[PDB]
Amino acid sequence: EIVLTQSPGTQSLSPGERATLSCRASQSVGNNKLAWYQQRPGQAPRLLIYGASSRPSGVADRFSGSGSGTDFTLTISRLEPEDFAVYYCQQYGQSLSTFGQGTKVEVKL
Amino acid sequence: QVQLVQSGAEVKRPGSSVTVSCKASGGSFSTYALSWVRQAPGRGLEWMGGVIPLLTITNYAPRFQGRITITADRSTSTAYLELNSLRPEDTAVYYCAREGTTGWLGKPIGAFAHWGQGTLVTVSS
Amino acid sequence: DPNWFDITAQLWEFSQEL
Ligand SMILES: [Ca+2]
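Here it is in structure tokens:
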């Protein structure tokens, strides 16, 4: 079983600023099979990044995935108001898939 | 491209069983992987297991082994999660989640592009 | 070893034949 530790627990930023979110995996993620998800209150989560850096159609340009093995980063370039949600990372590199504890990206002030 | 709808909120007592349905519409059902992912209140997502309906190829997270059963019905495009020996710690919203595709009958991506709306199951006495 | 998450990939590559 792979543990995905997310850092930081709580990002506090302003609209238009830049968000860098970390995901640390306790072992190497098989074939870089790591995804990122957005979840707004009461909503089901939404797929942002798959295969570490790929982007599904309809997902916004400002979102970017990167990394390999044990460290991964989700970046948002220009925080729009609609981005202040919770974000989860996921690995599916082996049969036993796991999620990270998630990062709360909240509006500071 | 695909819409998933789940059965509705359910209230259970400890020691009982719950079965949650996820019905799929759009695209094709049999050869795309469907997983169940739950979320306790205030806390984060947890992957429980999944199925490929063609041949009912199952895969279960170890911590639910023995309590969990996942089944798929090809004529109704509906997948089912059965969790038994319930305890209050099992209180959560349960989600069905299906594989995405590249480019609706396109190459599967593994990662979960399509979610049901969730099903709150409360276990209490 | 084998990853359950790869199985459908194979099911796809197959169809592209059939
Ligand atoms: Ca039921």
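Order-wise, the sequence lines are chains A, B and C. My numbering puts the first residue of the first sequence at 2, with every later residue one more than the last. My numbering puts the first residue of the second sequence at 588, with every later residue one more than the last. My numbering puts the first residue of the third sequence at 793, with every later residue one more than the last. For every residue, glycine included, the Cβ atom is placed at its ideal position computed from N, Cα and C.
Can you give me the C-alpha to C-alpha distance between residue i and residue j, rounded to a whole angstrom?
{"i": "residue 25 of chain A", "j": "residue 12 of chain A", "result": "16 Å"}
{"i": "residue 644 of chain B", "j": "residue 110 of chain A", "result": "50 Å"}
{"i": "residue 597 of chain B", "j": "residue 707 of chain B", "result": "7 Å"}
{"i": "residue 19 of chain A", "j": "residue 810 of chain C", "result": "48 Å"}
{"i": "residue 66 of chain A", "j": "residue 32 of chain A", "result": "15 Å"}
{"i": "residue 624 of chain B", "j": "residue 46 of chain A", "result": "10 Å"}
{"i": "residue 701 of chain B", "j": "residue 600 of chain B", "result": "30 Å"}
{"i": "residue 91 of chain A", "j": "residue 712 of chain B", "result": "34 Å"}
{"i": "residue 640 of chain B", "j": "residue 667 of chain B", "result": "11 Å"}
{"i": "residue 611 of chain B", "j": "residue 671 of chain B", "result": "24 Å"}
{"i": "residue 677 of chain B", "j": "residue 808 of chain C", "result": "42 Å"}
{"i": "residue 22 of chain A", "j": "residue 80 of chain A", "result": "13 Å"}
{"i": "residue 684 of chain B", "j": "residue 635 of chain B", "result": "11 Å"}
{"i": "residue 103 of chain A", "j": "residue 631 of chain B", "result": "6 Å"}
Between the Cα of residue i and those of the options, spot the shortest distance and give me the residue it belongs to.
{"i": "residue 53 of chain A", "options": "A:110, A:64 and A:87", "result": "A:64"}
{"i": "residue 107 of chain A", "options": "A:6, A:15 and A:68", "result": "A:15"}
{"i": "residue 621 of chain B", "options": "B:661, B:655 and B:638", "result": "B:638"}
{"i": "residue 799 of chain C", "options": "A:58, A:105, A:94 and A:104", "result": "A:94"}
{"i": "residue 674 of chain B", "options": "B:680, B:710 and B:692", "result": "B:710"}
{"i": "residue 105 of chain A", "options": "A:18, A:44 and A:87", "result": "A:87"}
{"i": "residue 89 of chain A", "options": "A:80, A:32 and A:74", "result": "A:74"}
{"i": "residue 797 of chain C", "options": "B:599, B:607 and B:619", "result": "B:619"}
{"i": "residue 37 of chain A", "options": "A:96, A:9 and A:56", "result": "A:56"}
{"i": "residue 663 of chain B", "options": "B:628, B:613 and B:605", "result": "B:613"}
{"i": "residue 85 of chain A", "options": "A:40, A:48, A:49 and A:102", "result": "A:40"}
How should residue i be labelled, buried or exposed, when 16 other C-beta atoms within 10 angstroms of its C-beta is the threshold for buried?
{"i": "residue 62 of chain A", "result": "exposed"}
{"i": "residue 590 of chain B", "result": "exposed"}
{"i": "residue 2 of chain A", "result": "exposed"}
{"i": "residue 42 of chain A", "result": "exposed"}
{"i": "residue 98 of chain A", "result": "buried"}
{"i": "residue 4 of chain A", "result": "exposed"}
{"i": "residue 691 of chain B", "result": "exposed"}
{"i": "residue 593 of chain B", "result": "buried"}
{"i": "residue 6 of chain A", "result": "exposed"}
{"i": "residue 669 of chain B", "result": "exposed"}
Any idea which residues DSSP pairs residue i with across the strands?
{"i": "residue 60 of chain A", "result": "DSSP output for residue 60 of chain A lists no bridge partner at all."}
{"i": "residue 681 of chain B", "result": "B:625 and B:706"}
{"i": "residue 783 of chain B", "result": "Since the displayed chain B opens at 588 and closes at 712, residue 783 of chain B lies outside it and no answer follows."}
{"i": "residue 637 of chain B", "result": "B:622 and B:646"}
{"i": "residue 793 of chain C", "result": "According to DSSP, residue 793 of chain C bridges with nothing at all."}
{"i": "residue 673 of chain B", "result": "DSSP, once it has assigned bridges, lists no residue as partnering residue 673 of chain B."}
{"i": "residue 654 of chain B", "result": "Residue 654 of chain B is not bridged to any residue."}
{"i": "residue 660 of chain B", "result": "B:665"}
Between the stretch 72–105 of chain A and chain E, which residues of the former have a C-beta closer than 8 Å to a C-beta of the latter? This model lacks chain E altogether; the protein chains it does include are A, B and C.
Residues around ligand 1, please: the condition is that the C-beta lies closer than 7 Å to some non-hydrogen atom of it. Counting every residue whose Cβ lies closer than 7 Å to a heavy atom of ligand 1, we get B:594, B:597, B:605, B:606, B:607 and B:608.
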